[PDB]
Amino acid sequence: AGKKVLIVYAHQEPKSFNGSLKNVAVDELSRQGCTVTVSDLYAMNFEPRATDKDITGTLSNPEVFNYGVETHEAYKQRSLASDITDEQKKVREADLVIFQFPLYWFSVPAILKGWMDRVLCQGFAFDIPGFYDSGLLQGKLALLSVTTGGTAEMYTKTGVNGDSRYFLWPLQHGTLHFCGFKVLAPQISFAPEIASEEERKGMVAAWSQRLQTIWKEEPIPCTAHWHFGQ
């Protein structure tokens, strides 16, 4: 009574396991009466590159191009490309941002990396002052829902990939905490592709299940100690 949720989704295939997970999040959150909006990056052909096209009108310095400066000023002067400001409006309205993506190289797919690079701009998402605990997005929740190719076992302290929390750091702390998000525990669906079709059926159901009480949840302590420590 009531909540707004943005799902930033990065998978090429609607019939994929990621697509199922995005669709059960939409179904469950809509059923609870939440306002839901989805940014389907691939379907939108979302631009991942940080270029001077991201500024309309004229550059606060067309001699030397500096992306961060130009986008900081463009933001303040309402001169950012509309793909960007369409996304920032969705984020500004959201109480929760859920990112749904397969892990690509211990991180997000480039198209979703480009969303963070280009949407979470200085003045919108952070400022002096206003990072970490005081980043401009404080008040909001963010949650990573990741699928992997490697098994839970590979993702331990002394498994081949190291601990899941190791790759989460740049996303949870370096990006989401930096901006002021309180970060909920990641949802990780380990290795769907090596089934079973029913164990999959089941990982979907657990995600839906968890979305039922998502609003009761406590944020993780987003710390060096949480990700690396013991």
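Residue numbers here begin at 1 and follow the sequence given. Just so we're on the same page, rigid core means the largest C-alpha set that superposes within 1.5 Å between forms.
S.K.: Do you reckon 69-77 or 128-136 strays further from the shown form in 9 other deposited structures of this protein, measuring C-alpha RMS after a core fit?
M.R.: Once the cores are fitted, 128-136 deviates more in 9 other deposited structures of this protein.
S.K.: What stretch shows more C-alpha movement in 9 other deposited structures of this protein relative to this form, 33-41 or 192-200, after the core is superposed?
M.R.: Higher average C-alpha offset in 9 other deposited structures of this protein goes to 192-200.
S.K.: Mean C-alpha B-factor higher for 113-121, or for 70-78?
M.R.: Result of the comparison: 70-78.
S.K.: Return whichever of 47-55 and 183-191 has the greater mean Cα B factor according to the PDB record.
M.R.: Looking at the record's C-alpha B-factors, the answer is 183-191.
S.K.: Please work out which residue in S30, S39, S60, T175 has the highest C-alpha B-factor recorded for this crystal structure.
M.R.: Highest C-alpha B-factor among the listed options: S60.
S.K.: Which is it among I84, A94, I98, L136: the one with the largest CA B-factor in the entry?
M.R.: Answer, based on the entry's C-alpha B-factors: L136.
S.K.: By the recorded C-alpha temperature factor, relative to the other modelled residues in its chain, which third is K216 in?
M.R.: Answer is highest: the recorded C-alpha B-factor places it there.
S.K.: Using only modelled residues of the chain, where does the Cα B factor of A152 rank: lowest third, middle third or highest third?
M.R.: Highest third - that is where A152 ends up once the chain's C-alpha B-factors are sorted.
S.K.: Which third, lowest, middle or highest, does the C-alpha temperature factor of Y132 belong to within its own chain?
M.R.: Its C-alpha B-factor, which the entry lists for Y132, ranks in the highest third among residues of this chain.
S.K.: Check where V26 lands among this chain's C-alpha B-factors and tell me if it's the lowest, middle or highest third.
M.R.: Answer is lowest: the recorded C-alpha B-factor places it there.
S.K.: Name the third of the chain's ranked CA B-factors that contains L143, choosing lowest, middle or highest.
M.R.: Its C-alpha B-factor, which the entry lists for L143, ranks in the middle third among residues of this chain.
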